[PDB]
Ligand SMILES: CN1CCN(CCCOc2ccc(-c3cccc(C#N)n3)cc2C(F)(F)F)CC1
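Given as structure tokens, the chain that follows is alone and in the form deposited without this ligand.
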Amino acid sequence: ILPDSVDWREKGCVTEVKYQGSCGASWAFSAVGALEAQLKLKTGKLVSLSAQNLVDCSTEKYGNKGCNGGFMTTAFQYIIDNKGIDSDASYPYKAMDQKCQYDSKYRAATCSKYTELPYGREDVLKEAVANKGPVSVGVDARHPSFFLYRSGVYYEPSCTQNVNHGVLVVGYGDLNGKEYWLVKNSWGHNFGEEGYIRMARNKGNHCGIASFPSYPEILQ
């Protein structure tokens, strides 16, 4: 039986919240965020991986369009194919499309595989968050209430299951009888609760949080 509440920040597995700015790279930030947690678990080191590396390099071949959108799964596929991803320190985020300047000399992580979860199964997402670590998910963030969110458990009656914003589910919980998903965003500290939003859990795949989940792994 799973833990009632999970918060991977308490295990030192989550990097600082990032700020994507006018570049639509949330897919890239969700992908590194998931891989940072696996890297921490394996090596004991928490390091920001280069979202910019994904923006500039995981491009046409992976169905991604850099600052105009992308997918976490094919981002993971690029890191597998590329046999590494640079540290964010060595490949900083500039919030625009650049030439791919990946440099294996500054490889901070690798990716062995990635696993996708079934559409809509919040129970399965719960299990994956408890047993594997933070999970990359899309959410429907095209709502003013989302941008304007400050605290508490978010619920948007007009939310759809059609995701359009990549985020990181770093845990789950319960606040005053309202179940939520603990979601790491890429809009800086001033969005929501220190850059995090707690979104309704077990409310029929609210905002599509469980539409398209996936997490990577770094194998021995």
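Residues carry their position along the shown sequence, with the first being 1.
Between 115 to 123 and 144 to 152, it is 144 to 152 that carries the larger average Cα temperature factor according to the deposited entry. Higher mean CA temperature factor, per the PDB entry, when comparing 33 to 41 with 64 to 72: 64 to 72. The residue among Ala51, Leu182, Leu46, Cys159 whose C-alpha atom has the highest B-factor in the PDB entry is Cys159. When the modelled residues of the chain are ordered by C-alpha B-factor, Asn202 sits in the middle third. Ranked by C-alpha B-factor against the other modelled residues of its chain, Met96 falls in the highest third.
In this PDB entry, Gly192 carries a Cα temperature factor that places it within the middle third of its chain's modelled residues.
Among the modelled residues of its chain, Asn131 has a C-alpha B-factor that falls in the middle third according to the deposited record. Among all modelled residues in its chain, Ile209 ranks in the middle third by Cα B-factor.
The following text describes the form solved in complex with this ligand, which does not appear among the structures shown.
Using a 4.5 angstroms threshold between heavy atoms, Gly12 stays clear of this ligand in the deposited bound form.
Interface membership of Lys83, defined by any non-hydrogen atom within 4.5 Å of this ligand in the deposited bound form, is ruled out. At least one heavy atom of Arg150 is located within 4.5 Å of this ligand in the deposited bound form. Using a 4.5 angstroms threshold between heavy atoms, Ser50 stays clear of this ligand in the deposited bound form.
Of the candidate stretches 141 to 149, 127 to 135, 99 to 107, 84 to 92, only 141 to 149 has residues with heavy atoms within 4.5 Å of this ligand in the deposited bound form. In sequence order, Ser186, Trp187, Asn190, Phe191 are the residues of 174 to 191 having a heavy atom within 4.5 Å of this ligand in the deposited bound form; the partner itself is omitted from this view.
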